[PDB]
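Enquirer: Show me the folded form of this:
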Amino acid sequence: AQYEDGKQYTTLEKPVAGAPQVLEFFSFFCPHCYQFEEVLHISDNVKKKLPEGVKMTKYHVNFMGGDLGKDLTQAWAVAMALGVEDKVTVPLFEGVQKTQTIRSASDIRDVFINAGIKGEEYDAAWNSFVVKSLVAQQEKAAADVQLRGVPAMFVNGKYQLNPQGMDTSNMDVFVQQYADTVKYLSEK
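Expert: Numbering: from 1, shown residues only. Below, you will see the structure:
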């Protein structure tokens, strides 16, 4: 066929019940994730092609960057709780990988402050149980698919995108192939 299991996607031997419809995993430490988000804009091009009614979820992971990696999973929970993902994603990526100015939880916090989130609001969220449960959700989702690498995307807890079966000579064509594949998998 045009889309083949084992080529543009693989099927989870052990499907995950109750999984988000489209679930993307990343780390702010992950060089290919920087490309996906800052250069390719994968998340955004997938969104523009998703059928009506299917929502997109994006989670941070712990297994890169040690202690700072975990701080970033908690910061990403804060980002989701306050709904400020679109304001901190670029400076977090650039702070970790471009300027390398993020070395501590306080440096992470500075990013939010600079983005206009009140210190007192950031701190309340950081320490909140609502954020603890969001950290838990992120950890559980990654655990459910036995996640060992990022970037990664999963559709309906059943299918895992496989970008390595794709031509990268043109960055545009790769992104739309990726997006079109998510749409196809979504309609399965």
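
Enquirer: Does the nearest residue to residue 20 once chain neighbours are set aside lie in a helix or a strand, and which?
Expert: Among residues not flanking residue 20 along the chain, residue 57 sits closest, at 4.0 Å (C-beta to C-beta, 6 or more residues apart in numbering). Where you see a C-beta, it was placed from the backbone N, CA and C, and this is true even at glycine. Following DSSP states H and E, one finds residue 57 within strand 56-60.

Enquirer: which one is residue 187 nearest to, not counting chain neighbours?
Expert: Per C-beta to C-beta, 6+ apart, closest to residue 187 is residue 51, 6.6 Å.

Enquirer: What are the buried residues along stretch 121-130?
Expert: Burial within stretch 121-130, assessed by neighbour count using 16 or more other C-beta atoms under 10 Å, is assigned to 122, 125, 126.

Enquirer: first to last residue in that stretch, what's the distance?
Expert: Chord length of stretch 121-130, first to last residue, is 13 Å (C-alpha to C-alpha, to the nearest Å).

Enquirer: who's in contact with the residue nearest to residue 54 when sequence neighbours are not counted?
Expert: Using C-beta to C-beta, 6+ apart and skipping residues adjacent in sequence, the residue nearest residue 54 is residue 21, 4.5 Å away. Applying C-beta atoms under 8 Å, 6 or more residues apart in numbering to residue 21 gives the contacts 54, 55, 56, 57, 155, 156, 186.

Enquirer: Can you lay out these as CSV showing neighbour count?
Expert: Output for the contacts of residue 21, formatted as CSV (neighbours: other C-beta atoms under 10 Å):
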residue, neighbour count
54, 16
55, 9
56, 16
57, 16
155, 24
156, 17
186, 18
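
Enquirer: and of the residues you listed, the nearest to residue 67?
Expert: residue 57 (25.2 Å; C-beta to C-beta).

Enquirer: Could you check stretch 29-43 and say which residues are buried?
Expert: 29, 30, 33, 34, 36, 37, 40, 41, 42, 43.

Enquirer: So what touches it?
Expert: When contacts are defined by C-beta under 8 Å, 6+ apart, stretch 29-43 is touched by residues 24, 26-27, 56, 58, 64-65, 68-69, 72, 89-90, 93-94, 96-97, 150-151, 153, 171, 174-175, 178-179.
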